Structure formats: structure tokens, C-alpha cells
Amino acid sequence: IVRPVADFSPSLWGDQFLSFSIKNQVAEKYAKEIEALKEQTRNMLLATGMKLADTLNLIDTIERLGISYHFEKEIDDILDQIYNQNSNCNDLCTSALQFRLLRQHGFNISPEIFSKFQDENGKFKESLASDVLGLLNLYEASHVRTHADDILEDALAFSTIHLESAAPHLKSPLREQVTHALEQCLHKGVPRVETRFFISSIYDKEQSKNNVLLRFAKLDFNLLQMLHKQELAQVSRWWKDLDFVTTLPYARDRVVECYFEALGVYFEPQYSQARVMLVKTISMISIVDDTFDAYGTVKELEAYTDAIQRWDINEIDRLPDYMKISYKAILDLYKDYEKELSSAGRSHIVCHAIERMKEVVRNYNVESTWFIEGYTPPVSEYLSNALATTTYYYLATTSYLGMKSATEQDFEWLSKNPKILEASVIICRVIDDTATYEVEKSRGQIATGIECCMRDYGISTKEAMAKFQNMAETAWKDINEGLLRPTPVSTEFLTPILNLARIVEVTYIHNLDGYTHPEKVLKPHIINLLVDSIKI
């Protein structure tokens, strides 16, 4: 039986991540100074008599510098008190910032704060077009809308057109901040990526900058980077010992891109165990996906699928030799997870991630069947299968495995496919289909999302892409609404789902697959997050 020959690119990275040896003198020096810098910062936040605008700017800056995770409780109290005071600044800049920060933290502040900035038709007063700081903060706020927020329906276009017009004549680094915002809004970016751009390209170059906060942010970023490098090295060794790069040469070699995805889901050190477990799943499921998409035949794929459903080390013998490799690796990985979680008494939650994996495999196989039969389903039927093949239900469930505070009840809410999770899954699916359409159509994938959408509604490739765009925008409103209090689970368990959607926006920016073409999209981010430290 002849196979299709491998056309995926080898790893850009070689061995450069395989061993990282932390300099503990540096590490312990950084940590000792950070503690002093941390407390000076706490006292800035707890300073009394601050005006509203200065308080929001302080919180905003600490968040953009990537250090707010040290002050979750302090920032919460301050925003809560601001929420309940329901103050009214007449400043567009302060109003838009107040709106965004509160909404991003779950406080359902009313969009009527923007009415004083609009005319009769609820269109923004064009006299505000010369207030660049107002437009910037309005622009960032325009991305955290829910469905109750149509008063803001004009904010994105209004702020965009005038930021575009003003940008070339702005001073630095404001000009670079505005230009970056137009390319990547804050709310939908990956946090470490935006933090690193803000520290090095913006705050470092601000004459007004606060030296305590800047030094804090540089040391903390570089200190956390040392941890991430340890994790990546330990994950690179685990991947090396598996050796699929030689035994399964059809498969993509992308463990570093997978680690970046895990790092976008959470970066804080308390999630180190959760991150390592997560990368291993993303890597492993990536292999299954290449098996289905570029190597196995119908009968091997059926035996693989059924073996996955039965999930028993008695079943290896039914698979061809190449499938025995991954199948045992999959089963081992999950026994590893169960052992990893035993000392905390949390081994019993691994079954939830396993059930989601079985679901992904079932739907991979359906997708193969559709490709072989030349079947083009209607959109609703396409989605019923293709949403799970994003892997995003699986990854979200996986993301909880290493989170020591995640309980059985948390997994039960997630098993019911809650609305915030569905929207994140929908964002991944429709953005991916828009970006991968023309290429996987060239490979004859008759059942690709845009195709189903054209055939179903009888519309052009362009009208189908616009329909998929609106599905993404609807999903972002649902994500944003799913973060508002009272939340159905702790916000700690919502942020990974939000971050999975951010990963989508960052990976397919301006519409190229970035995990399969990592050198265009993901390579600069991996260098900036995992190779180069921030120059102090």
C-alpha cells in the first residue's frame, strides 16, 4: 500500500531548546529584588486619594506590563469600588478605559457611559476625532462588547478611521502603540506576547515611565522566562525520547509551537504542572491528526478509532505497526497523568480528558469518511462534526488537569459544552476554515467549511467568508458575556477558554495557518518569549 510522501517542513529549532541550565545566582537575585519591587507596587495601588483617571491608568499599566497576576486581589477591590460608585468622568479616554477594565474583570458596567460622547443617532461625535488618547482607549474598549452593547456598534470603525489618520504624525512611542493596536487589539492578543511588546517597545521608551514598575516588569518577565525555558527543555527531552521524528516521519515536528500554545493558555508559575501536561496533549493529538489526514487508509483509521474507543492495552494487536507506536504512547501519557496527580488525590479527573479525546478521534474518522465519499454536508451538519475536530473541547478540558484548584464540579460544567466554551470552539473552527480554505480545497477536501457554506446557501467564496467572519464576531460577544458576573465557575477556569480564542486570533492573523507555517506567524513570538530575554 503506497502512501503520500511527507511535505511538512522539519523543525526550525533543531536542538536549541533541548537543555537549559538555570543560573540560580541570577534567579535568586531577581526573585529577591522582585519581592521588594512587588511591595513598592502594592503600596502604589493601595495609595489613597488617587483620582479616578490615575487609578485606572496605574491598573492598566500594571496589566500591560504583565505583572498584574501578583495583585489580583488589590486590583479587584479597586475595580469593584469603582464599579459600585458608578462615577462619571466626562473624559472619553477615562470612560473607555473604565469600561474596558471593568468588563474584562466581569463587572457589567453599563454602556450608557458612552452616550454623552454620541449624537442623536448614537453615532460618536466627530468632534472627538482629534483626541488621540480617547480614540485609542475607545478602540481597545470596542473589542469587549456583548450583545447588549449595540450603543458601541460604531466605536470600532470610528476610532479606526481616525487613529489611522493621526498615526503618521504622532510622537514616539505613542505612534508605535497606536500602529500596533490597529494590527492587534489588546483584548484579543496572547498576554505574554502583548506584555513583551509593551515592555520593550512602548513603556521602556516612555519619558513619563515609572522606573519601579519598568524594572519590576523586566525582572519578572525574564524570571518567568527561565521557568518556561526549563519546562520547554523538559518537554523537548520527553519528545526526543519518544522519537516519532524518525519512527513516524509523516507527522509534523512541532513541539515548540505546541509549547507556545500552552504558554498562551497560561504563563503564571503556579500553572507549570498544568502547562507541561497541556503541551504533551497538544503534541500527541497533533500526531493523531497527521495520521488521519496524510497517511492512514480507511481500514487502519477505523481500527484506530475503535481501538481509541475501547482504550485498552489489550487492543494494540489490531493496529498496523505504525499505529501501535502512537496508540501505546497515548495510553502511557494518560497513565503518566494519573500518577502525576495521585499525591494530590486528583487522579480521578483524567477520565474527562480521555472522553474528550475519544470524541476528537470519532470526528476525525467521520471527516475522513466524508472526504473519501466526496460528501459536502450542510453547514449545520458540518459544524456538528467539525467543531470537535478543532480539538478545542479537548484542550480546554486538558487545561484543567494540572490546575490544583479544579474540582469534579468544574469538569461537569465543562462537559455540558457551556456557551463560553462553544464560542471559543466556533472561533477556532471558522477562522481556521477561512484561512485554510484555498489550500485544502487544492487537496480535494470536498467537505471543507467554506465549501459546505457556499453549497448550502448558494453563495460565493467571499460571501461565505463574510458569514464565517460574523460567526466569529458573534462568538466573541458570547465569550465577553460569559465572563460577566455572576460567573458559572471561578474566573480561573474561564480565562483558559478565553486564551484559547486569543491563540486563534494570533495564529491566523491576516489569514495564514501559523501552526503549519510557523516561520511566518509563530517564529517571532517564540523568539521573543523563549529565546531573547528583555535587555535590562
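One rule holds for the numbers: they count along the sequence shown, beginning at 1.
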| query | finding |
| --- | --- |
| Mean C-alpha temperature factor, higher of 47 to 55 and 491 to 499 | 47 to 55 |
| Stretch exceeding the other in mean C-alpha B-factor - 181 to 189, 307 to 315 | 307 to 315 |
| Residue with highest C-alpha B-factor in the PDB entry, from 359, 241, 381, 176 | 241 |
| Candidate set 200, 390, 88, 98 [ranked by C-alpha B-factor, highest] | 88 |
| Assigned third (lowest, middle, highest) for the C-alpha B factor of residue 27 | highest |
| Relative C-alpha B-factor of residue 525, binned into the chain's lowest, middle or highest third | lowest |
| Residue 339 - which third its CA temperature factor falls in, relative to the rest of the chain | highest |
| Position of residue 471 among the chain's modelled residues by C-alpha B-factor, lowest, middle or highest third | middle |
| Within-chain third of residue 169 by Cα B-factor, per the entry | lowest |
